[PDB]
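Comments concern the structure below.
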Number of protein chains: 2
Amino acid sequence: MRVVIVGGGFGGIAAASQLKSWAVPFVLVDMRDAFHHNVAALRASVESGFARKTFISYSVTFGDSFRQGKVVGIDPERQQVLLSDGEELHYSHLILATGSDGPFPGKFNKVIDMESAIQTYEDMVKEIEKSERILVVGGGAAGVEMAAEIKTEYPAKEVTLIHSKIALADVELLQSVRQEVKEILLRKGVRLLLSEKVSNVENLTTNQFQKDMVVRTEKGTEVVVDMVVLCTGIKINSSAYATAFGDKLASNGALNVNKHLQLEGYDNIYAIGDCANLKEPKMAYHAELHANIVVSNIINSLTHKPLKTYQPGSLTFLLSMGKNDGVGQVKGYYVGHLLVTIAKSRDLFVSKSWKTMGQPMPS
Amino acid sequence: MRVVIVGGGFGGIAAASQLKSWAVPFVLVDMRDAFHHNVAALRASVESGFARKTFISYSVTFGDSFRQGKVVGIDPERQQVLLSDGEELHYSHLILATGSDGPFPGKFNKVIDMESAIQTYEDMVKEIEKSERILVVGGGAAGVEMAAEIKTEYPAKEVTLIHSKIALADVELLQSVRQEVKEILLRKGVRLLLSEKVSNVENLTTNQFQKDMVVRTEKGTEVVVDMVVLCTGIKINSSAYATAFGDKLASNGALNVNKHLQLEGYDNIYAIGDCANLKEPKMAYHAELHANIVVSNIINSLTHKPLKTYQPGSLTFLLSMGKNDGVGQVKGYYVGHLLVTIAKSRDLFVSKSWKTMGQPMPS
Ligand SMILES: Cc1cc2nc3c(=O)[nH]c(=O)nc-3n(C[C@H](O)[C@H](O)[C@H](O)COP(=O)(O)OP(=O)(O)OC[C@H]3O[C@@H](n4cnc5c(N)ncnc54)[C@H](O)[C@@H]3O)c2cc1C
Ligand SMILES: Cc1cc2nc3c(=O)[nH]c(=O)nc-3n(C[C@H](O)[C@H](O)[C@H](O)COP(=O)(O)OP(=O)(O)OC[C@H]3O[C@@H](n4cnc5c(N)ncnc54)[C@H](O)[C@@H]3O)c2cc1C
Ligand SMILES: COC1=C(OC)C(=O)C(CC=C(C)C)=C(C)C1=O
Ligand SMILES: COC1=C(OC)C(=O)C(CC=C(C)C)=C(C)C1=O
């Protein structure tokens, strides 16, 4: 038997670790040969020597249970995974954990070797460093995070964020959280340009230092900057499975799953992470929880025992520390519960990834 | 000098305590002669002997610095507070903390003495007890909380909730929190009736046991129950100040305040709590924070020192205990922060009120 995991992100490495613990034969497949803590990618492109902490070699940990490859198709009837080099992997169980894609520097999903990947980000740090005037296109989570990490490292640099809606960030965040985001950006000195779209986006020289660039909006507004960073429009990454399930995807590219995280019409295909069409925020935190359920259900498949049901409201959360970071803000109430915000760890959880992967964090 | 506080709720008693600590002369004015932990009112009307924990005598604590009265007008030019018994109180500083009003059992803002108030709720417990079939009108926070406290105490009772929108609870809650509310109600056995409004609401016999009552909606739908509980439409309570500031209120009845919580055109009137028009969730937790700022600024008024600014994002929150209740759910992320839900204390924070008021909780 063989569990093939397509996608070695937060979901895929959590499921690969467990399958290794359970001694279940598997192959993890990913475009890169290293994992990318994508949550800390924006910092990786601003702070020197930091991208080295955001990429972990797959083969040091998983050995020959890893195969670098770009999946271009899935044959669910013959149970084959089709790579772009013409090769095929047979599976008994398929876990799809393809996550989300979008422009560099926020996402980095391409065929590339760990050293070039790190050096792609270290080149970006130095082009940021050269630029006194930076435009960041797009005001979602990637754009906001990019803006704030520039003024963090370079408080005197002029950063500008342009966004096509009325408020920053994601509609499914509280209008008072979006507004809080607007105000954390203003406190840092980031100048905003809301409700207007860049025109001729395609013609911009991006990720490079270029003195006196002129960006025109659709409103005719003009700003002059020394560098454009593109943070427009992160989508679910359906490239690996669109040909197989295209008719049947959700509107946003995600896969429909039953309560055991199996694909609607298949007992031996599962989806986890961003690519699963679940009514819940697409986070790395949940992808690990999805992984836990899907490996459970592969084992129960083997032992002809009842499948476990992914309970979205899993209470697997405790303040990371013991009064070392107690303070929290209150943001709402409803029956039995209180909406609260807490601060993200300052290392952006990188230490966890190195632990999951069983490698010393480099220095 | 005299600080007159109109409204002795969470805001008003927090500001009265502090003014007593600061030895600043004040008069607290409230309709009732007891404070009402309104957050635990719905439980008070379901669980026997519990309403006695939700009302605290004002005069045991504040003495003659308390005056029972219903304020019917404010003269901000002569600095007079006008009571319904014809009497007038002069002030040097006015704190308006009038909160929110709406139907019993959720709110209880009327001229009444502590013992009748408790006995009004203990009568409701017994009418709930008599009823096998309960309709709760309205699916906001009061309706949802009422539904869930009935099935809590009486798991076999049939409770029905009817609401006029598409999802339970408040639009400014996350669509996945509203949906979580929908599902906490379904897990308890509460039958929902969404997107339809009761017709002829006025003709219903409410808060009383009446076998075989027939409620018709505007859709023509019919349900037969033994009791109607009304939880429709909590508004800001502008009764004390509408005549003075009517032209100038916000759309929802709240008072516009500067960053020091003073009313727009007055240096000696402040608003705190629900009645302040601040971009933040109307909670008891924030009203105490508003109180802290407004008493600070009355002192700074006395010492000709700079006014403090109410920072909405005040980080005055630490998990109530030390690992005694660590687990929390994750519900989102944005720059620097994580949306999390935590469980409300099971006593609904009643102990705090008795502490603030310096009285032994009765038993
Ligand atoms: C700015 C920002 C900040 C964030 N912060 C947080 C945070 O603090 N906490 C949090 O929990 N979440 C956070 N997130 C969300 C988080 O990054 C994602 O939800 C998470 O990465 C989902 O993991 P995954 O396993 O589903 O997929 P991913 O981690 O996106 O991994 C998918 C993998 O699949 C591979 N792949 C895809 N298609 C193919 C193919 N055809 N062939 C081969 N390989 C393929 C890709 O190369 C990639 O390695 C943030 C997101 C952004 C943009
Ligand atoms: C079901 C439900 C659950 C809730 N749960 C929570 C929770 O867990 N946590 C939380 O923080 N918040 C919670 N809230 C919100 C909370 O109850 C209110 O935000 C809070 O009471 C606001 O306090 P306040 O001081 O502004 O006014 P209130 O506590 O409403 O007090 C106002 C007072 O003013 C008096 N008054 C008004 N007009 C006059 C007048 N003209 N003359 C004399 N006296 C007058 C009234 O008698 C009343 O005593 C909940 C609300 C509901 C409905
Ligand atoms: C970066 O991905 C993430 C994790 O895995 C490394 C987490 O464990 C967690 C959970 C951490 C707790 C303390 C909330 C979060 C929130 C997360 O975003
Ligand atoms: C009932 O009113 C309330 C308070 O005062 C009694 C609080 O202190 C608090 C704060 C409690 C912490 C632990 C979140 C909340 C949430 C509240 O709702």
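By order in the structure tokens, chains are A, B, ...; within a chain, residues start at 1; ligands start at 1, following the order shown.
Applying a distance limit of 6 Å to only C-alpha atoms, the residues of chain A near chain B read residues 145, 315, 317, 318, 326, 327, 328, 329, 335, 336, 337, 338, 339, 340, 341, 342, 343 and 344 of chain A.
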Next, dump the selected residues to file, keeping only N, CA and C atoms, as a PDB file, in the first residue's frame.
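Saved file result-v1.pdb follows:
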ATOM      1  N   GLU A 145       0.761  42.564   5.881  1.00  0.00           N
ATOM      2  CA  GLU A 145       1.943  42.037   6.553  1.00  0.00           C
ATOM      3  C   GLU A 145       3.220  42.541   5.909  1.00  0.00           C
ATOM      4  N   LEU A 315     -11.131  21.837  20.753  1.00  0.00           N
ATOM      5  CA  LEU A 315     -10.498  22.753  21.696  1.00  0.00           C
ATOM      6  C   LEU A 315      -9.068  22.333  21.997  1.00  0.00           C
ATOM      7  N   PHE A 317      -6.343  24.237  22.148  1.00  0.00           N
ATOM      8  CA  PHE A 317      -5.606  25.487  22.275  1.00  0.00           C
ATOM      9  C   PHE A 317      -5.408  25.899  23.721  1.00  0.00           C
ATOM     10  N   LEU A 318      -4.177  26.238  24.091  1.00  0.00           N
ATOM     11  CA  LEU A 318      -3.923  26.723  25.410  1.00  0.00           C
ATOM     12  C   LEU A 318      -2.965  27.866  25.152  1.00  0.00           C
ATOM     13  N   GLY A 326       0.350  36.711  29.397  1.00  0.00           N
ATOM     14  CA  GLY A 326      -1.061  36.689  29.763  1.00  0.00           C
ATOM     15  C   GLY A 326      -2.060  37.658  29.160  1.00  0.00           C
ATOM     16  N   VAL A 327      -1.676  38.912  28.946  1.00  0.00           N
ATOM     17  CA  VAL A 327      -2.639  39.926  28.487  1.00  0.00           C
ATOM     18  C   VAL A 327      -3.328  39.655  27.144  1.00  0.00           C
ATOM     19  N   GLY A 328      -4.644  39.870  27.089  1.00  0.00           N
ATOM     20  CA  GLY A 328      -5.393  39.683  25.851  1.00  0.00           C
ATOM     21  C   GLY A 328      -6.453  40.766  25.711  1.00  0.00           C
ATOM     22  N   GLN A 329      -6.873  41.089  24.497  1.00  0.00           N
ATOM     23  CA  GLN A 329      -7.921  42.054  24.295  1.00  0.00           C
ATOM     24  C   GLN A 329      -9.279  41.421  24.098  1.00  0.00           C
ATOM     25  N   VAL A 335     -23.144  33.408  23.224  1.00  0.00           N
ATOM     26  CA  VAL A 335     -23.557  32.452  24.246  1.00  0.00           C
ATOM     27  C   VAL A 335     -22.383  31.558  24.651  1.00  0.00           C
ATOM     28  N   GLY A 336     -22.046  31.573  25.944  1.00  0.00           N
ATOM     29  CA  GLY A 336     -20.974  30.765  26.493  1.00  0.00           C
ATOM     30  C   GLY A 336     -19.549  31.257  26.274  1.00  0.00           C
ATOM     31  N   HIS A 337     -19.315  32.226  25.390  1.00  0.00           N
ATOM     32  CA  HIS A 337     -17.960  32.478  24.928  1.00  0.00           C
ATOM     33  C   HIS A 337     -17.647  33.971  24.842  1.00  0.00           C
ATOM     34  N   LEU A 338     -16.345  34.254  24.748  1.00  0.00           N
ATOM     35  CA  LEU A 338     -15.804  35.596  24.564  1.00  0.00           C
ATOM     36  C   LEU A 338     -14.816  35.588  23.404  1.00  0.00           C
ATOM     37  N   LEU A 339     -15.100  36.387  22.372  1.00  0.00           N
ATOM     38  CA  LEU A 339     -14.088  36.778  21.392  1.00  0.00           C
ATOM     39  C   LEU A 339     -12.974  37.573  22.046  1.00  0.00           C
ATOM     40  N   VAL A 340     -11.739  37.133  21.805  1.00  0.00           N
ATOM     41  CA  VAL A 340     -10.519  37.722  22.340  1.00  0.00           C
ATOM     42  C   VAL A 340      -9.472  37.722  21.230  1.00  0.00           C
ATOM     43  N   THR A 341      -8.594  38.724  21.222  1.00  0.00           N
ATOM     44  CA  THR A 341      -7.388  38.653  20.403  1.00  0.00           C
ATOM     45  C   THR A 341      -6.181  38.476  21.312  1.00  0.00           C
ATOM     46  N   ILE A 342      -5.199  37.709  20.839  1.00  0.00           N
ATOM     47  CA  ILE A 342      -3.921  37.564  21.519  1.00  0.00           C
ATOM     48  C   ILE A 342      -2.839  37.820  20.488  1.00  0.00           C
ATOM     49  N   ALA A 343      -1.643  38.116  20.975  1.00  0.00           N
ATOM     50  CA  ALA A 343      -0.544  38.462  20.090  1.00  0.00           C
ATOM     51  C   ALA A 343       0.071  37.208  19.487  1.00  0.00           C
ATOM     52  N   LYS A 344       0.359  37.269  18.187  1.00  0.00           N
ATOM     53  CA  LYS A 344       1.135  36.222  17.536  1.00  0.00           C
ATOM     54  C   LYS A 344       2.540  36.170  18.131  1.00  0.00           C
TER      55      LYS A 344
END
Name each residue within 7 Å of ligand 2, counting only C-alpha atoms and all ligand atoms, as a CSV table (one decimal) with N, CA and C atoms, in the first residue's frame.
chain,number,residue,atom,x,y,z
A,333,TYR,N,-18.7,39.0,22.5
A,333,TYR,CA,-19.3,37.9,23.3
A,333,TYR,C,-20.4,37.3,22.6
B,6,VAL,N,-25.8,59.3,36.2
B,6,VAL,CA,-27.2,58.9,35.9
B,6,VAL,C,-27.1,57.5,35.3
B,7,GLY,N,-27.5,56.5,36.1
B,7,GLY,CA,-27.3,55.1,35.6
B,7,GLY,C,-26.4,54.3,36.5
B,8,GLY,N,-27.0,53.4,37.3
B,8,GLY,CA,-26.1,52.7,38.2
B,8,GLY,C,-25.9,51.3,37.7
B,9,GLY,N,-25.5,51.1,36.5
B,9,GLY,CA,-25.1,49.8,36.0
B,9,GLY,C,-23.6,49.5,36.1
B,10,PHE,N,-23.1,48.7,35.2
B,10,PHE,CA,-21.7,48.4,35.3
B,10,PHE,C,-20.8,49.6,35.2
B,11,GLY,N,-21.2,50.5,34.3
B,11,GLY,CA,-20.4,51.8,34.2
B,11,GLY,C,-20.6,52.6,35.5
B,12,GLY,N,-21.8,52.8,35.9
B,12,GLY,CA,-22.0,53.7,37.0
B,12,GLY,C,-21.5,53.3,38.3
B,29,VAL,N,-27.6,58.0,40.7
B,29,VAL,CA,-29.0,58.0,40.5
B,29,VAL,C,-29.4,56.8,39.7
B,30,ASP,N,-30.4,56.0,40.1
B,30,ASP,CA,-30.9,55.0,39.3
B,30,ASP,C,-32.4,54.7,39.6
B,31,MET,N,-33.1,54.3,38.6
B,31,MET,CA,-34.5,53.9,38.6
B,31,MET,C,-34.7,52.9,39.8
B,32,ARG,N,-34.0,51.8,39.7
B,32,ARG,CA,-34.1,50.8,40.7
B,32,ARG,C,-33.4,51.2,42.0
B,35,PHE,N,-28.6,47.2,41.9
B,35,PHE,CA,-27.9,47.0,40.7
B,35,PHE,C,-28.3,45.7,40.2
B,36,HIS,N,-28.3,45.6,38.9
B,36,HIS,CA,-28.7,44.4,38.2
B,36,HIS,C,-27.6,43.8,37.3
B,38,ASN,N,-27.1,42.2,34.7
B,38,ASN,CA,-28.0,41.9,33.6
B,38,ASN,C,-27.5,40.8,32.7
B,39,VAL,N,-26.3,40.6,32.7
B,39,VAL,CA,-25.7,39.6,31.9
B,39,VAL,C,-26.2,38.2,32.4
B,42,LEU,N,-31.0,36.1,32.3
B,42,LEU,CA,-31.7,35.1,31.7
B,42,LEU,C,-31.6,33.8,32.5
B,69,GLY,N,-34.4,57.3,41.6
B,69,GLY,CA,-35.1,58.3,40.9
B,69,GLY,C,-35.1,57.9,39.4
B,70,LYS,N,-36.1,58.4,38.6
B,70,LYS,CA,-36.1,58.2,37.2
B,70,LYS,C,-35.8,59.5,36.6
B,71,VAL,N,-34.7,59.6,35.8
B,71,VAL,CA,-34.4,60.9,35.3
B,71,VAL,C,-35.2,61.1,34.0
B,72,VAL,N,-35.9,62.2,33.9
B,72,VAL,CA,-36.7,62.5,32.7
B,72,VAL,C,-36.1,63.7,31.9
B,97,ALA,N,-24.5,57.2,32.1
B,97,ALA,CA,-24.2,55.7,31.9
B,97,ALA,C,-25.5,55.0,31.9
B,98,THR,N,-26.4,55.4,30.9
B,98,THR,CA,-27.7,54.9,30.9
B,98,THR,C,-27.9,53.5,30.2
B,99,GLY,N,-26.9,52.9,29.6
B,99,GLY,CA,-27.0,51.6,29.1
B,99,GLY,C,-28.0,51.2,28.0
B,100,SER,N,-28.7,50.1,28.1
B,100,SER,CA,-29.6,49.7,27.1
B,100,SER,C,-30.9,49.1,27.7
B,101,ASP,N,-32.0,49.3,27.0
B,101,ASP,CA,-33.2,48.8,27.6
B,101,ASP,C,-33.9,47.9,26.5
B,106,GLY,N,-34.8,40.0,29.8
B,106,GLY,CA,-33.4,40.3,29.5
B,106,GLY,C,-33.0,41.6,30.2
B,109,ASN,N,-35.3,47.6,33.8
B,109,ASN,CA,-35.1,49.0,34.1
B,109,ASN,C,-36.4,49.7,34.4
B,110,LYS,N,-36.8,49.6,35.6
B,110,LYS,CA,-38.1,50.2,36.0
B,110,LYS,C,-38.0,50.6,37.5
B,141,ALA,N,-28.9,38.3,21.2
B,141,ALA,CA,-28.2,37.7,22.3
B,141,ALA,C,-29.1,37.4,23.4
B,142,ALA,N,-30.1,38.1,23.7
B,142,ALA,CA,-31.1,37.8,24.7
B,142,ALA,C,-31.9,36.6,24.4
B,145,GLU,N,-29.6,33.4,24.4
B,145,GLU,CA,-29.2,33.1,25.8
B,145,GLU,C,-30.4,32.6,26.6
B,237,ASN,N,-30.6,53.3,25.8
B,237,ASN,CA,-31.6,53.9,26.7
B,237,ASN,C,-31.3,55.4,26.7
B,238,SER,N,-31.9,56.2,25.9
B,238,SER,CA,-31.7,57.6,25.8
B,238,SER,C,-32.8,58.4,26.6
B,239,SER,N,-33.6,57.7,27.4
B,239,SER,CA,-34.7,58.4,28.1
B,239,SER,C,-34.3,59.6,28.9
B,240,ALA,N,-33.1,59.4,29.6
B,240,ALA,CA,-32.6,60.5,30.5
B,240,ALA,C,-32.2,61.7,29.8
B,272,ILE,N,-20.4,57.0,29.3
B,272,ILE,CA,-19.7,55.8,29.4
B,272,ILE,C,-20.7,54.7,29.1
B,273,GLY,N,-20.1,53.5,28.8
B,273,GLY,CA,-20.9,52.3,28.6
B,273,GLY,C,-21.6,52.3,27.3
B,274,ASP,N,-22.7,51.5,27.3
B,274,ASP,CA,-23.5,51.3,26.0
B,274,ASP,C,-23.9,52.7,25.4
B,275,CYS,N,-24.2,53.7,26.3
B,275,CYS,CA,-24.7,55.0,25.7
B,275,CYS,C,-23.7,55.8,25.1
B,282,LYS,N,-20.5,46.8,22.6
B,282,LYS,CA,-21.1,47.3,23.8
B,282,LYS,C,-21.1,46.2,24.9
B,283,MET,N,-20.1,46.2,25.7
B,283,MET,CA,-20.0,45.2,26.8
B,283,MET,C,-19.9,45.9,28.2
B,284,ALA,N,-20.3,45.1,29.2
B,284,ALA,CA,-20.0,45.5,30.6
B,284,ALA,C,-18.5,45.7,30.8
B,285,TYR,N,-17.7,44.9,30.1
B,285,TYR,CA,-16.3,44.9,30.3
B,285,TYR,C,-15.7,46.3,30.0
B,286,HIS,N,-16.2,46.9,28.9
B,286,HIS,CA,-15.7,48.2,28.4
B,286,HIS,C,-16.3,49.3,29.2
B,287,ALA,N,-17.5,49.2,29.8
B,287,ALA,CA,-18.1,50.2,30.6
B,287,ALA,C,-17.2,50.5,31.8
B,344,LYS,N,-16.9,31.8,28.7
B,344,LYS,CA,-17.4,32.6,29.7
B,344,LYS,C,-17.4,31.9,31.1
B,348,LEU,N,-21.1,33.5,35.3
B,348,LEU,CA,-21.5,34.7,34.6
B,348,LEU,C,-21.0,36.0,35.3
Members of range 69-303 of chain B assigned strand (DSSP E or B) by DSSP, as a ChimeraX atom specification:
/B:71-75,80-83,88-90,93-96,100-101,133-137,158-162,190-193,198,206,213-217,222-225,227-230,235-236,255,257,262-263,269-271,276
Write out as JSON, numbers by chain the residues lying within 9 Å of range 60-65 of chain B, counting only C-alpha atoms and excluding same-chain residues fewer than 6 positions away.
{"B": [16, 17, 20, 25, 26, 27, 28, 29, 357, 358, 359]}
Restricting the output to C-alpha atoms, write the selected residues as a PDB file, in the first residue's frame.
ATOM      1  CA  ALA B  16     -19.062  55.522  41.840  1.00  0.00           C
ATOM      2  CA  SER B  17     -16.636  53.183  43.596  1.00  0.00           C
ATOM      3  CA  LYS B  20     -15.635  57.165  46.638  1.00  0.00           C
ATOM      4  CA  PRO B  25     -18.497  64.136  46.203  1.00  0.00           C
ATOM      5  CA  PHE B  26     -21.053  62.435  44.031  1.00  0.00           C
ATOM      6  CA  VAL B  27     -24.628  61.259  43.713  1.00  0.00           C
ATOM      7  CA  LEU B  28     -25.464  58.019  41.904  1.00  0.00           C
ATOM      8  CA  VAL B  29     -29.005  58.025  40.463  1.00  0.00           C
ATOM      9  CA  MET B 357     -19.995  46.604  45.602  1.00  0.00           C
ATOM     10  CA  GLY B 358     -18.269  45.372  48.779  1.00  0.00           C
ATOM     11  CA  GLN B 359     -21.063  43.049  49.959  1.00  0.00           C
TER      12      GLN B 359
END
Could you pull out the helix (DSSP H, G or I) residues of range 74-266 of chain A from DSSP and send them as a CSV table (one decimal) with N, CA and C atoms, in the first residue's frame?
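The new file result_11.csv reads:
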chain,number,residue,atom,x,y,z
A,114,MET,N,16.6,24.3,-2.4
A,114,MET,CA,16.5,25.1,-1.2
A,114,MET,C,17.4,26.3,-1.2
A,115,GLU,N,18.6,26.1,-1.7
A,115,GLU,CA,19.6,27.2,-1.7
A,115,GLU,C,19.2,28.4,-2.6
A,116,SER,N,18.7,28.1,-3.8
A,116,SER,CA,18.2,29.2,-4.6
A,116,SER,C,17.0,29.9,-4.0
A,117,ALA,N,16.1,29.1,-3.4
A,117,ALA,CA,14.9,29.7,-2.7
A,117,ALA,C,15.3,30.7,-1.6
A,118,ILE,N,16.3,30.3,-0.7
A,118,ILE,CA,16.8,31.2,0.3
A,118,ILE,C,17.4,32.4,-0.4
A,119,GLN,N,18.3,32.2,-1.4
A,119,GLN,CA,18.9,33.3,-2.1
A,119,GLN,C,17.9,34.1,-2.9
A,120,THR,N,16.8,33.6,-3.3
A,120,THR,CA,15.7,34.4,-3.9
A,120,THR,C,15.2,35.5,-2.9
A,121,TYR,N,15.1,35.0,-1.6
A,121,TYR,CA,14.6,35.9,-0.6
A,121,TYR,C,15.7,36.9,-0.1
A,122,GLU,N,16.9,36.4,0.0
A,122,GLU,CA,18.0,37.3,0.4
A,122,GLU,C,18.3,38.4,-0.7
A,123,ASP,N,18.1,38.1,-2.0
A,123,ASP,CA,18.1,39.2,-3.0
A,123,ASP,C,17.0,40.2,-2.7
A,124,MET,N,15.8,39.8,-2.3
A,124,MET,CA,14.8,40.7,-2.1
A,124,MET,C,15.0,41.6,-0.9
A,125,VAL,N,15.7,41.1,0.2
A,125,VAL,CA,16.0,41.9,1.3
A,125,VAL,C,16.9,43.1,0.9
A,126,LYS,N,17.9,42.8,0.0
A,126,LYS,CA,18.8,43.9,-0.4
A,126,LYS,C,18.1,44.9,-1.4
A,127,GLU,N,17.1,44.5,-2.1
A,127,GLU,CA,16.4,45.4,-3.0
A,127,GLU,C,15.5,46.3,-2.2
A,128,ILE,N,14.8,45.7,-1.2
A,128,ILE,CA,14.1,46.5,-0.2
A,128,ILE,C,15.1,47.5,0.5
A,129,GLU,N,16.3,47.0,0.9
A,129,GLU,CA,17.2,47.9,1.6
A,129,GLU,C,17.6,49.1,0.7
A,130,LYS,N,17.7,48.9,-0.6
A,130,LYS,CA,18.1,50.0,-1.5
A,130,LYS,C,17.0,51.1,-1.7
A,141,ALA,N,-4.0,40.1,3.5
A,141,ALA,CA,-3.2,39.7,4.6
A,141,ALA,C,-1.7,39.8,4.2
A,142,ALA,N,-1.4,39.4,3.0
A,142,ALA,CA,0.0,39.5,2.5
A,142,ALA,C,0.4,40.9,2.4
A,143,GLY,N,-0.4,41.8,1.7
A,143,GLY,CA,-0.1,43.2,1.6
A,143,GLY,C,0.1,43.9,2.9
A,144,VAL,N,-0.8,43.7,3.8
A,144,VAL,CA,-0.8,44.3,5.2
A,144,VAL,C,0.5,43.9,5.9
A,145,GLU,N,0.8,42.6,5.9
A,145,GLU,CA,1.9,42.0,6.6
A,145,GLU,C,3.2,42.5,5.9
A,146,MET,N,3.2,42.7,4.6
A,146,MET,CA,4.4,43.2,3.9
A,146,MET,C,4.7,44.7,4.3
A,147,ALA,N,3.6,45.5,4.3
A,147,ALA,CA,3.7,46.9,4.7
A,147,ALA,C,4.3,47.0,6.1
A,148,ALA,N,3.8,46.2,7.1
A,148,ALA,CA,4.2,46.4,8.5
A,148,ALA,C,5.6,45.8,8.8
A,149,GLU,N,6.1,44.9,8.0
A,149,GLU,CA,7.4,44.4,8.2
A,149,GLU,C,8.5,45.3,7.6
A,150,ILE,N,8.1,46.2,6.7
A,150,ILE,CA,9.0,47.2,6.2
A,150,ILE,C,9.3,48.3,7.2
A,151,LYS,N,8.2,48.9,7.6
A,151,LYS,CA,8.3,50.0,8.6
A,151,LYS,C,8.8,49.4,9.9
A,152,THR,N,8.6,48.1,10.2
A,152,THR,CA,9.2,47.6,11.4
A,152,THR,C,10.8,47.7,11.3
A,153,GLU,N,11.4,47.1,10.3
A,153,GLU,CA,12.8,47.1,10.1
A,153,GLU,C,13.4,48.5,9.7
A,175,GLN,N,-15.3,43.9,11.0
A,175,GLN,CA,-15.2,45.3,10.6
A,175,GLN,C,-14.4,46.1,11.6
A,176,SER,N,-14.4,45.7,12.9
A,176,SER,CA,-13.5,46.4,13.8
A,176,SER,C,-12.1,45.8,13.9
A,177,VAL,N,-11.9,44.6,13.3
A,177,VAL,CA,-10.6,44.1,13.2
A,177,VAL,C,-9.9,44.6,11.9
A,178,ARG,N,-10.6,44.7,10.8
A,178,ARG,CA,-10.1,45.4,9.6
A,178,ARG,C,-9.7,46.8,10.0
A,179,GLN,N,-10.6,47.5,10.8
A,179,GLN,CA,-10.3,48.8,11.2
A,179,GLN,C,-9.1,48.9,12.1
A,180,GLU,N,-9.0,47.9,13.0
A,180,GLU,CA,-7.8,47.8,13.8
A,180,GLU,C,-6.5,47.6,12.9
A,181,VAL,N,-6.7,46.9,11.8
A,181,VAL,CA,-5.5,46.7,10.9
A,181,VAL,C,-5.2,48.0,10.3
A,182,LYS,N,-6.2,48.7,9.8
A,182,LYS,CA,-6.0,50.1,9.3
A,182,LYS,C,-5.2,51.0,10.2
A,183,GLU,N,-5.4,50.8,11.5
A,183,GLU,CA,-4.8,51.7,12.5
A,183,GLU,C,-3.5,51.2,13.0
A,184,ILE,N,-3.2,49.9,13.0
A,184,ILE,CA,-1.9,49.4,13.2
A,184,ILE,C,-1.0,49.8,12.1
A,185,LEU,N,-1.5,49.9,10.9
A,185,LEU,CA,-0.7,50.4,9.7
A,185,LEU,C,-0.4,51.9,9.8
A,186,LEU,N,-1.4,52.7,10.3
A,186,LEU,CA,-1.2,54.1,10.4
A,186,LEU,C,-0.3,54.5,11.5
A,187,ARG,N,-0.3,53.7,12.6
A,187,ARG,CA,0.6,54.0,13.7
A,187,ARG,C,2.1,53.8,13.3
A,201,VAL,N,-1.2,46.9,-14.3
A,201,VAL,CA,-0.4,46.2,-13.3
A,201,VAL,C,0.7,45.5,-14.0
A,202,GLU,N,0.3,44.9,-15.1
A,202,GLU,CA,1.3,44.0,-15.8
A,202,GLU,C,2.5,44.7,-16.2
A,203,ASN,N,2.5,46.0,-16.4
A,203,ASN,CA,3.6,46.7,-16.9
A,203,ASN,C,4.6,47.2,-15.8
A,242,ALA,N,-7.2,20.0,-10.7
A,242,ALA,CA,-8.3,20.6,-11.4
A,242,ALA,C,-8.8,19.7,-12.6
A,243,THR,N,-7.9,19.0,-13.3
A,243,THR,CA,-8.3,18.2,-14.4
A,243,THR,C,-9.2,17.1,-14.0
A,244,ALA,N,-8.9,16.5,-12.8
A,244,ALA,CA,-9.7,15.4,-12.3
A,244,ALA,C,-11.1,15.8,-11.8
A,245,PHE,N,-11.1,16.9,-11.1
A,245,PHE,CA,-12.3,17.2,-10.3
A,245,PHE,C,-12.9,18.6,-10.7
A,246,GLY,N,-12.6,19.1,-11.9
A,246,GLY,CA,-12.8,20.5,-12.3
A,246,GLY,C,-14.3,20.9,-12.2
A,247,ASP,N,-15.2,20.1,-12.8
A,247,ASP,CA,-16.6,20.3,-12.8
A,247,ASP,C,-17.1,20.5,-11.3
A,248,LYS,N,-16.5,19.7,-10.4
A,248,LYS,CA,-17.0,19.5,-9.0
A,248,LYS,C,-16.4,20.4,-8.0
Determine, counting only C-alpha atoms, which protein, DNA and RNA residues have an atom within 8 Å of an atom of residue 356 in chain A; residues of the same chain fewer than 3 positions away are not included. Present the result as a ChimeraX atom specification.
/A:13-14,17,352-353
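You will find CA of residue 310 in chain B at 11.9 Å from CA of residue 271 in chain B.
The nearest approach to ligand 3 among the residues A:165, A:278, A:256, A:40, with only C-alpha atoms and all ligand atoms taken into account, belongs to A:40.
Residues in contact with residue 53 in chain B at 8 Å, where only C-alpha atoms are counted and same-chain residues fewer than 4 positions away are skipped, are listed as residues 350, 361 and 362 of chain B.
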Between atom 48 (C, counted along the ligand's line) of ligand 1 and CA of residue 209 in chain A, what is the distance in Å, rounded to a tenth?
28.2 Å
List the neighbours of range 93-95 of chain A out to 10 Å using only C-alpha atoms; skip same-chain residues closer than 6 positions along the sequence, and give me the result as a ChimeraX atom specification.
/A:1-7,11-12,15,26-28,74,76,79-81,261-263,266-272,291,294-295,298,301
